[PDB]
Amino acid sequence: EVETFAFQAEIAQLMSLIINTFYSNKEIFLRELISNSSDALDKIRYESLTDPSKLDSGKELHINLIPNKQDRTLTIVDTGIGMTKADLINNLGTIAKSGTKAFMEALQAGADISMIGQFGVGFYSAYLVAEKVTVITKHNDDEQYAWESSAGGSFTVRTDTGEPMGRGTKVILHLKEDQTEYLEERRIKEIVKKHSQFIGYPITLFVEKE
Ligand SMILES: C#CCCCn1c(Sc2c(C)cc(C)cc2C)nc2c(N)ncnc21
Ligand SMILES: [Mg+2]
């Protein structure tokens, strides 16, 4: 059973701004998603210090970047804390309302889209390069979920019956037809080195079989 939800109006407005504004420096989406993975890895590491059983779902803390030219996807995988159903359906968008307002005010005042992570809403910069985003996620003591949106004001959430993850999050970017450069090894390597070089977890860039 797939449930469909409307974004809060302020979040729909942010997503439309990201999709519609002319802004050539699209590559900053990857730093934003890696930074989110790093924060989620920090969170499970910290919680594990007082409850070590939180790592029973996996001790390895790391990030994989996986391009797939057949599927036209770039996937950002982490073994961080993961997200609950309440996170996906209400709580993250609730928090994002204030950062959206501030971000949009700052843009009117002269800021640019690359500063989006200073407002806590960098995830939505995925829509600079993706026509659809699918988030697969598993938090301790909750089930595995798939969130999905092609923008347009709505998103879906379902329980995910696919390959079980131990714990963590996969952000699957279904790239726009004209954004396939972000599947190329040399392009991703360049962006990771430019914007993500001091992240405190291994980042493994997978390479394409074909
Ligand atoms: C880090 C951090 C905390 C914020 C939530 N979050 C995000 S960003 C996000 C937002 C703002 C809204 C929606 C509907 C979906 C997502 C993925 N990425 C991850 C991640 N890799 N692991 C755990 N939580 C994450
Ligand atoms: Mg929302």
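Remember, it's 1-based here, ligands and their atoms both numbered in the order they're listed. Each residue takes its place number in the sequence, starting with 1. Values reported hereafter were calculated over all heavy atoms of this structure, with side chains retained and with hydrogens, waters and symmetry mates removed.
Using cut-offs of 30° and 60° on the angle between ring planes, the pair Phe119 and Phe103 is tilted.
With ligand atoms numbered from 1 in the order given, ligand 1 contributes 12 (C) to contacts under 4.0 Å with heavy atoms of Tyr124.
Heavy atoms of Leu92 found under 4.0 angstrom from ligand 1 belong exclusively to the side chain. Contact annotation: for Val121 versus ligand 1, there are no heavy atoms closer than 4.0 Å. Within the 4.0 Å heavy-atom criterion, the part of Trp147 lying near ligand 1 is the side chain and not the backbone.
Using a 4.5 Å heavy-atom threshold, the side chains of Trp147 and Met83 count as separate. Side-chain atoms of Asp87 and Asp142, non-hydrogen and from C-beta on, never get closer than 4.5 Å to each other. The shortest side-chain heavy-atom distance between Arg167 and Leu55 falls under the 4.5 Å cut-off.
Nearest to atom 11 (C) of ligand 1 among the protein's heavy atoms is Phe123 CB, 4.0 Å. Residue, atom and distance of the protein heavy atom nearest to atom 21 (N) of ligand 1 are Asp78 OD2, 2.9 Å. The protein atom (non-hydrogen) at minimum distance from atom 2 (C) of ligand 1 is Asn36 O, 4.0 Å. From the protein, the heavy atom lying nearest to atom 22 (N) of ligand 1 is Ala40 CB, 3.2 Å.
Side-chain contact, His174 with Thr134: a donor N or O sits under 3.5 Å from an acceptor N or O.
Considering only residues two or more places apart in sequence or on other chains, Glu47 meets the salt bridge (charged side-chain N to carboxylate O under 4.0 Å, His left out) condition with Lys54. Judged as a ring-ring contact (aromatic ring centres under 6.0 Å, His included), and not counting sequence neighbours, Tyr201 has no contacts.
Distance screen at 4.0 Å: atom 15 (C) of ligand 1 has a protein heavy-atom neighbour inside the cut-off.
Of the options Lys170, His139, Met83, the smallest heavy-atom separation from atom 6 (N) of ligand 1 is shown by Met83.
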